[PDB]
S.K.: 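One structure, as structure tokens, below. Some questions next.
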Amino acid sequence: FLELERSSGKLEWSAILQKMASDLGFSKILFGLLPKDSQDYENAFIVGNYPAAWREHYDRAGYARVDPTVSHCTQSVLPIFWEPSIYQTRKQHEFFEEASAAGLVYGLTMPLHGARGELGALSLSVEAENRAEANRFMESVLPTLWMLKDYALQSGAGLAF
Amino acid sequence: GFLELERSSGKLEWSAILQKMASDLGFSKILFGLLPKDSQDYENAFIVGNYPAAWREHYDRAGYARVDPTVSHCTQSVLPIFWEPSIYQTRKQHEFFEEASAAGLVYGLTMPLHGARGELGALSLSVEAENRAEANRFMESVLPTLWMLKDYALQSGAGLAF
Ligand SMILES: O=C(CCCOc1cccc(Br)c1)N[C@H]1CCSC1=O
Ligand SMILES: O=C(CCCOc1cccc(Br)c1)N[C@H]1CCSC1=O
């Protein structure tokens, strides 16, 4: 994990994080971080390879207020798996279907809460033949991910702003 | 594998569960402490564990919160800090280490806690060992489990404290 700490710039750091995630077996990621006093977007540091059409769709639809992982991050330090049970409201149901259309189906989000009051998330999505396979995989690497998210948080917070 | 923590209904039951989890991982002494957002009110911090009472009192009276290198570390980082000679840098910190050792707190680590609602704290665990090579073997073997444990302890502890 030391390679993240030793990155000098955002481009280098992002490429290292993306490669680490890929080597682990996740094809898509989002790392997002806000400074302490900031609420919604605006000065958010966002990296990764989420589909650009999804990012724009999400913003226009005001999905920060719909996405169940966002509310979860505001109240918890524990991972939230993208299971059907988290998409409860009608808007969350459509959110799930639209995310799926954009290729985001199986995954998890690790909330990020930095020492300086940074608020964010490391989300990782996996391609799998089915949900059971995706969950077996995520469980198999969970302790590694749990360390990764804190290393990414500490190093990213130092570069983000 | 940490479900007992969240399900715990009271501070005494929760404390005992956490102490047993730490013991099972090889650590006979722990401190779990949490303060609310932007607070330095240690008098009203949520503190559990089994550090020697003589050490706690000494620490408080000497104002060691301002000397202990693990406290300043927690303020700036989410990463663990191992209790190694290299962390005791100032003259006062060398004295701190000597006294901490007189109280049996030579080997261990501190995991900083930063809660979703701004809580600040630490899960500290001390291990008994003959030397640091042995202590390191003991700690390295359970580090990934501790890393998850500290966050489960934070989430559940923050609910009970605040
Ligand atoms: O990755 C996410 C967002 C996770 C949370 O992101 C956050 C949360 C708080 C602050 C910031 Br910046 C980003 N959602 C996923 C769920 C399935 S589809 C999708 O976009
Ligand atoms: O366990 C600790 C203290 C860890 C940090 O504790 C904290 C930090 C922030 C808020 C609160 Br409450 C407690 N120190 C150890 C180092 C060796 S001897 C000793 O007491």
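Throughout, protein chains are lettered first and strands after them, A, B, ... in sequence-line order, and every chain is numbered starting at 1. Counting starts at 1 for both ligands and their atoms, in listed order. All heavy atoms count here, side chains included; hydrogens, waters and symmetry mates do not.
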S.K.: Could you check whether B/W55 and B/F96 have their ring centres less than 6.0 Å apart?
M.R.: yes

S.K.: Tell me the contacting part of B/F46 for ligand 2: side chain, backbone, both, or neither, using a 4.0 Å heavy-atom threshold, strictly below.
M.R.: neither

S.K.: Is it true that a side-chain atom of B/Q89 and a backbone atom of B/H94 form a donor plus acceptor pair closer than 3.5 Å?
M.R.: no

S.K.: Please set out all donor-acceptor pairs under 3.5 angstrom arising from side-chain atoms of residues 98-125 of chain B, sequence neighbours excluded.
M.R.:
unit_1 : atom_1 : unit_2 : atom_2 : d
B/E99  : OE1    : B/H58  : NE2    : 2.8
B/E99  : OE1    : B/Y64  : OH     : 2.4
B/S101 : OG     : B/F97  : O      : 3.0
B/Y107 : OH     : B/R132 : N      : 3.3
B/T110 : OG1    : B/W83  : NE1    : 2.9
B/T110 : OG1    : B/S124 : OG     : 2.8
B/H114 : NE2    : B/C74  : O      : 2.8
B/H114 : NE2    : B/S77  : O      : 3.2
B/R117 : NE     : B/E119 : OE2    : 3.0
B/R117 : NH2    : B/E119 : OE2    : 3.1
B/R117 : NH2    : B/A158 : O      : 3.1
B/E119 : OE1    : B/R117 : N      : 3.0

S.K.: Show me which atoms of ligand 1 lie under 4.0 Å from any heavy atom of A/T69.
M.R.: 2 (C), 3 (C), 4 (C), 5 (C), 14 (N)

S.K.: What is the nearest protein non-hydrogen atom to atom 14 (N) of ligand 1, stated with its residue, atom name and distance?
M.R.: A/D67 OD2, 3.0 Å

S.K.: Run the numbers for me: atoms of ligand 1, each under 4.0 Å from some heavy atom of A/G32, listed by number.
M.R.: 12 (Br)

S.K.: Under 4.0 angstrom from ligand 2, any heavy atom of B/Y51?
M.R.: yes

S.K.: Could you find the nearest protein heavy atom to atom 16 (C) of ligand 2 and give me its residue, atom name and distance?
M.R.: B/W83 CE2, 3.7 Å

S.K.: Should you measure from each heavy atom of A/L34, which atoms of ligand 1 turn up under 4.0 Å away?
M.R.: 12 (Br)

S.K.: Just jot down the ligand 1 atoms closer than 4.0 angstrom to any heavy atom of A/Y87, in number order.
M.R.: 17 (C)

S.K.: Can you report which non-hydrogen protein atom sits closest to atom 19 (C) of ligand 1, along with the distance?
M.R.: A/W54 NE1, 3.8 Å

S.K.: Please identify which atoms of ligand 1 are closer than 4.0 Å to at least one heavy atom of A/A99.
M.R.: 18 (S)

S.K.: In terms of residue, atom name and distance, what is the protein heavy atom nearest to atom 5 (C) of ligand 1?
M.R.: A/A121 CB, 3.4 Å

S.K.: Between the main-chain N or O of A/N135 and the side-chain N or O of A/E139, is there a donor-acceptor pair closer than 3.5 Å?
M.R.: no

S.K.: Distance-only, no hydrogens or angles: does the A/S140 side chain make a donor-acceptor pair with backbone N or O of A/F137 under 3.5 Å?
M.R.: yes

S.K.: Has ligand 1 got any nitrogen or oxygen that is less than 3.5 angstrom from a nitrogen or oxygen of A/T109?
M.R.: no

S.K.: Considering non-hydrogen atoms of the protein only, which is the closest contact for atom 10 (C) of ligand 1, and what is the distance?
M.R.: A/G120 CA, 3.7 Å

S.K.: Do B/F82 and B/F32 share a hydrophobic cluster (ILVMFWY, side-chain heavy atoms under 4.5 Å, transitive)?
M.R.: yes

S.K.: Among the heavy atoms of B/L34, does any lie under 4.0 Å from an atom of ligand 2?
M.R.: yes

S.K.: Are B/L18 and A/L78 in one and the same hydrophobic cluster, where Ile, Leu, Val, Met, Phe, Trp and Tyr link if side-chain heavy atoms are under 4.5 Å apart?
M.R.: yes

